[PDB]
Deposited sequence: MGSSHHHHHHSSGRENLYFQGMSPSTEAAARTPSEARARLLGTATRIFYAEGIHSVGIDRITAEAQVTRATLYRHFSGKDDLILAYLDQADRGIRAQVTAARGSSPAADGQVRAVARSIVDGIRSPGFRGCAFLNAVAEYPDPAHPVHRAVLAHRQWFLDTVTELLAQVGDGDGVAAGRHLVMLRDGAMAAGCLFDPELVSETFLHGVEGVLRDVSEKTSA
């Protein structure tokens, strides 16, 4: 459904995911989450240690889903450049999907700016994994180490995810794919 995608626990996690992703975090109270999840507050605390734990579980779901999708993209082509293209296509398919609302991690970090906050740490860990992954792919496309190119590809991805819910998603996706082709060309020379 969304780009990264006990019955009571599943309803809680699914509801928190949907609402936090679409609407934001601080503005969304556990009373609304429990009401929409059709559980009580006591049931929420039976599964999660509080709102913070629930937020982290939401982000963990997103992390796991994205990792699976990026891994599947890497599995979809035997060629390093084909794998980069497949990752880029996955990103676009998310951007153009109904209910796209930007990067879950960039949206969370806007609200959790203290670097040592667990939400902030989760954001940085996910981002570093993604940077490492695309850097490694690009290192296999050309003779160089892919380090500068990886940063470049991440910059394009960050701008695409940010603008995809603020500007025509078809146009954002077109610009992003052209940018990716340019990075692939750049490293091949």
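- No C-alpha positions are given for the deposited-sequence stretches 1 to 15, 21 to 33, 218 to 221.
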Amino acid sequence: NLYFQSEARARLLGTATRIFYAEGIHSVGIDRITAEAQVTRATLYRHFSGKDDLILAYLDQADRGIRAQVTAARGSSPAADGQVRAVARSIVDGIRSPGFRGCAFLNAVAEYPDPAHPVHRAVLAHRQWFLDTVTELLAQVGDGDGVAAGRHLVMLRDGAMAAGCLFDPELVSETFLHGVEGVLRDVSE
From here on, numbers count along this sequence of modelled residues.
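- As listed in the deposited structure, the average C-alpha B-factor of 28 to 36 and of 54 to 62 is greater for 28 to 36.
- For the two regions 87 to 95 and 108 to 116, the entry's Cα B-factors average higher over 108 to 116.
- When the C-alpha B factors of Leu13, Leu171, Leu166, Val180 are read from the deposited coordinates, the top value falls at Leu13.
- Ranked against the other modelled residues of its chain, the C-alpha B-factor of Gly82 as given in the entry falls in the lowest third.
- Sort the modelled residues of the chain by CA B factor and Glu136 lands in the middle third.
- In this PDB entry, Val154 carries a Cα temperature factor that places it within the lowest third of its chain's modelled residues.
- For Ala148, the recorded CA temperature factor ranks within the middle third of the chain's modelled residues.
- In this PDB entry, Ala68 carries a Cα temperature factor that places it within the highest third of its chain's modelled residues.
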